[PDB]
Amino acid sequence: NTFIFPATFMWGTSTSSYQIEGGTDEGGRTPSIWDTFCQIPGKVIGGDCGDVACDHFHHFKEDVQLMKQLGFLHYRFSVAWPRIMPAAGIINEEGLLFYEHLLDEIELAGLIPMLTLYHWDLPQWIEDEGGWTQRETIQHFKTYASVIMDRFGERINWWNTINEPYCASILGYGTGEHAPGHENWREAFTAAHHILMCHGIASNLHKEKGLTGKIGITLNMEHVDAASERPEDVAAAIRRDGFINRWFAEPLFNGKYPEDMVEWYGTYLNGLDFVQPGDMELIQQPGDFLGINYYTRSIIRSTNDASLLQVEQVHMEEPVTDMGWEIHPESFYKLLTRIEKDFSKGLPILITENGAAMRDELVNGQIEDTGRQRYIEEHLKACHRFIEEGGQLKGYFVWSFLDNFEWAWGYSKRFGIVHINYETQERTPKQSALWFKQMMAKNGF
Ligand SMILES: OC[C@H]1O[C@@H](O[C@H]2[C@H](O)[C@@H](O)[C@H](O[C@H]3[C@H](O)[C@@H](O)[C@H](O[C@H]4[C@H](O)[C@@H](O)[C@H](O)O[C@@H]4CO)O[C@@H]3CO)O[C@@H]2CO)[C@H](O)[C@@H](O)[C@@H]1O
């Protein structure tokens, strides 16, 4: 019962600019879609916003240091587009300088970075122009991806293009639940096609510059089980699987959308009119690795309701996070397995986000987060059984170095291995972070 991981296995943590940085009106930065969205009554638990957050804008030196001391080799962060492109075609030099310095600190501690170009903080001025439902957005993206790549990239070992196109498009324009908060399936599907092109856009800029860094997109995926053996339930689960995974995984690897999904969406796709000649080829570029974010599985059953997919998530109460999310590590094994067979057929796979939000309690200045630790460990064994069976898992970034703006959940949800005290801003590593330090040292509990 030992779990030793490969020699070269990549151990990191991740964050995201809007969720940790704060300094929203500082340093030339202008409002993102989330600064607006967060203000709409009822959209984010408690009214919470990304103002201040963990204030990583001023604390960046100690955070990257706390990583070093926690025995991390890799750090995955994102760049806040609004810090870089605060208005149309301007290039804010003070914003580039924050990341440059952040990168100085990174290399000073001897850490290896991964920069995510897009992690959901679209500059509002772009949403004003139409947001992700306009092709022109892609040109703006180009502008933004070009600056970051000239300014860095002799320096960046790992490029991550889009984080989770599913959330920014589907939840962003479709269900309303993420910024900017639209409820329009036509837009959602239009936006998903544009964001997926930006991965391509950025993949082209990367080769035209001849950079040596690895590059890849990140999809959030979810394993999907039918609720019962009834056929309409089996059908239901096929639809959920197409809706999160195949709609985004298919174009990237095979240059097409899932036909059953295209048939199901029908009128909302307006005959794929948003697809110009050459787009799908632009999209279909798996690059150097597949980034995956995984948290839980869905148990799906069919309904005959008014929703796009006509599906119901059966709400499992068995081991769950503070988010109602079920801990089912076996399913992380079955998802990794399926990703290799379809789509990724030998390309390196990186888990760019994996973690859990449990209720925390400070006790004698320590955090006994046995749930979070239990959850990480279990999924790491699921990650282990997949390696050994010939799985191309090369890396694993624990989601969230720090407790942070947990989107629509606000600050009510804590995913950090390092506890943030929002009254004083002081960082305090939790028992799980101490566990992760011993684990990377022995390279495998
Ligand atoms: O929040 C931290 C974390 O989250 C990630 O983004 C998450 C979201 O937090 C979350 O809101 C979201 O929840 C889903 C869910 O997976 C679906 O089952 C669901 O589908 C619904 C639907 O909204 C209805 O239209 C319909 O009638 O049925 C179904 C249920 O049957 O909708 C929601 C949104 O409410 O999903 C995300 C994961 O996919 C990030 O991925 C990550 O970075 C974060 O750390």
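As the structure lists them, so they are numbered: ligands from 1, and atoms in each ligand from 1. Nothing fancy with the numbering, it's 1 onward along the sequence.
Distance remark: protein heavy atom present below 4.0 angstrom from atom 2 (C) of ligand 1. Distance check on atom 24 (C) of ligand 1: every protein heavy atom falls at or beyond the 4.0 Å cut-off. Distance remark: protein heavy atom not present below 4.0 angstrom from atom 21 (C) of ligand 1. Less than 4.0 angstrom separates atom 13 (O) of ligand 1 from none of the non-hydrogen atoms of the protein. For atom 30 (C) of ligand 1, the nearest protein heavy atom is under 4.0 Å away.
Contact between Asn220 and ligand 1 is present, with at least one heavy atom of the residue lying under 4.0 Å from the ligand. Contact analysis leaves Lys413 out of contact with ligand 1, as no non-hydrogen atom separation drops below 4.0 angstrom.
In this comparison of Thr303, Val314, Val311, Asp305, the heavy atom closest to atom 26 (C) of ligand 1 sits on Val311. Comparing heavy-atom distances from atom 17 (C) of ligand 1 across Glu177, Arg240, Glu222 singles out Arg240 as nearest. Within the set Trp120, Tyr294, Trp399, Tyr295, the minimum heavy-atom distance to atom 42 (C) of ligand 1 is found for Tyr295. Here the shortest heavy-atom distance to atom 10 (C) of ligand 1, taken over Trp407, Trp325, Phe405, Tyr166, belongs to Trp325.
Counting only heavy atoms of the protein, atom 18 (O) of ligand 1 lies nearest to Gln313 OE1, 2.2 Å. At the top of the distance list for atom 37 (C) of ligand 1, counting protein heavy atoms only, stands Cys167 SG, 4.3 Å. Protein heavy atom nearest atom 36 (O) of ligand 1, with residue, atom name and distance: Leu171 CD1, 4.3 Å.
Between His193 and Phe274, the ring planes lie tilted relative to each other; the angle falls in the 30° to 60° range. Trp132 and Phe141 have tilted rings, their planes meeting at an angle from 30° to 60° on a 0 to 90° scale. Ring geometry for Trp11 versus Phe5: interplanar angle over 60°, hence perpendicular rather than tilted (30 to 60°). Ring pair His140/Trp125 is perpendicular by interplanar angle, where above 60° counts as perpendicular and below 30° as parallel.
For ligand 1, the atoms closer than 4.0 angstrom to any heavy atom of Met323 are 1 (O), 2 (C). Within the listing of ligand 1, atoms 2 (C) sit less than 4.0 angstrom from a heavy atom of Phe415. The atoms of ligand 1 that sit less than 4.0 Å from any heavy atom of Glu312 are 31 (O). Near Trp409, meaning under 4.0 Å from any of its heavy atoms, are these atoms of ligand 1: 1 (O), 9 (O). Within ligand 1, the atoms closer than 4.0 Å to a non-hydrogen atom of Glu164 are 40 (C), 41 (O), 42 (C), 43 (O), numbered from 1 in the order shown. Using a 4.0 Å cut-off to heavy atoms of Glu353, the atoms of ligand 1 that qualify are 42 (C), 43 (O).
Put simply, the residue from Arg297, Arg240, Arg301 that forms a salt bridge (charged side-chain N to carboxylate O under 4.0 Å, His left out) with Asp225 is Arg297. If you run side chain to side chain contact (heavy atoms under 4.5 Å, CB included) between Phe189 and each of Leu308, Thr133, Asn270, only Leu308 comes through. Residue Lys413 forms a side chain to side chain contact (heavy atoms under 4.5 Å, CB included) with just one option from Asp403, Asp322, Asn404, and that option is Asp322.
No side-chain heavy atom of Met358 sits under 4.5 Å from any side-chain heavy atom of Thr370.
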Exercise for the section: Could you please spell out the steps behind the salt bridge (charged side-chain N to carboxylate O under 4.0 Å, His left out) verdict for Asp342 and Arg246? Expected result: CA-CA 10 Å; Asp342 325 332; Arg246 288 155 43 230; over 6 Å; no

Practice task
Report the C-alpha distance between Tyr18 and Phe405 in whole Å, list the side-chain angles of each, state the deciding distance to 0.1 Å, and finish with yes or no for ring-ring contact (aromatic ring centres under 6.0 Å, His included).
Solution key: CA-CA 8 Å; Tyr18 188 75; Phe405 188 74; 5.8 Å; yes

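Defined by atom type and a distance below 3.5 Å, a donor-acceptor pair is missing between the side-chain atoms of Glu312 and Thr303.
In this structure, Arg186 fails the cation-pi test against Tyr268, since its NZ or CZ atom is not both closer than 6.0 Å to the six-membered ring centre and inside 45 degrees of the ring normal.
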